[PDB]
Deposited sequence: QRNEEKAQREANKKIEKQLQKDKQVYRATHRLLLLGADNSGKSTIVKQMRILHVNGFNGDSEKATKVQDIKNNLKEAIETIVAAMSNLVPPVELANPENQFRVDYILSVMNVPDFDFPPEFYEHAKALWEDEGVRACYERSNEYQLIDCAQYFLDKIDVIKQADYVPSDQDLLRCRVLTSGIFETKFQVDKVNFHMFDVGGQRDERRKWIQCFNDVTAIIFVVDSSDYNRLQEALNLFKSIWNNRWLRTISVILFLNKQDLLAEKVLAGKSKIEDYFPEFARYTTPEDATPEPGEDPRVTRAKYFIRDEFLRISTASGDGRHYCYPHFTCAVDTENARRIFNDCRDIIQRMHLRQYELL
């Protein structure tokens, strides 16, 4: 009679206790969508971060992260990208040296930025392979103006902070590629989500504190937005 109801109500408490324990782990962890191209260098970033879909867990300052690489799918990505509408950030990796494929990366950035279900997600932009960009610029073999005519009339920003030792010609090209991505970010999503560009190489030793600091700033801005203070 009532034994089944007593068993069922007692059973539901056991699930409820576990669900509350699982909530603590779920809320503490930060999920990240690692997105990029074949030539972007996604695997280099994953490999050096030594703490259907491939997961990468790394702990920084006792903060658990969970990077998701989705490579087991096809090139059509308008249906499974909706599964990542609540990730903390999207780590967008680009190959800076690959000039002709920059417009392909710019188009993908524009789609993610303007997607209805991804309008709230901030993008941690990694302009990977900076050493190959410096080699290509100094060699003088390939030119930006062929692929980006507006480069010829581009002045370096005043706030630029180059590394110790860099040709001014190299710095101009480096900050122009960054400006192309940041032009899309500022055109929409006023205060709802931002972009965090970074210059990285294959030998950037930490490359994870930058994600840790960016995710910290994303959560801080999210709290301030709830108070309508920012």
Problem set entry | Missing stretches, numbered from 1 on the deposited chain sequence and kept in order | 52 to 180
